[PDB]
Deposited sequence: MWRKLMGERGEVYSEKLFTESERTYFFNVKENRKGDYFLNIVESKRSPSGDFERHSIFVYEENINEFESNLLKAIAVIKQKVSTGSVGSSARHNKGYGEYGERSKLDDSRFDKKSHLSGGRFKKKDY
């Protein structure tokens, strides 16, 4: 697909499915498009879409990594330890 540089889909075990897209504009600049597609209880599809331009990618990335770190800090890990 012309104008579409990269596209990946992520299914989850929840009603949320994500798309990670890299598109090219008229000038040849790239931009990111993150889409969440949520299936409502009724069966309708809600699409939430965020755009990030080439110029703000670095800051977007470092801020994403900082927010995710807060969650990764919280989450319980793999640990003679016996689970279940």
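Residues of the deposited sequence missing from the coordinate set occupy positions 1-7, 87-89, 95-127.
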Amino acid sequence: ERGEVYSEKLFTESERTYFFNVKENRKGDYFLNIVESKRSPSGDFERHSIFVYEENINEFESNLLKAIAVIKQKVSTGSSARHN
From here on, numbers count along this sequence of modelled residues.
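In this entry, 44-52 shows the higher mean Cα temperature factor of the pair 30-38 and 44-52. If you average the C-alpha B-factors over 13-21 and over 60-68, the higher value belongs to 60-68.
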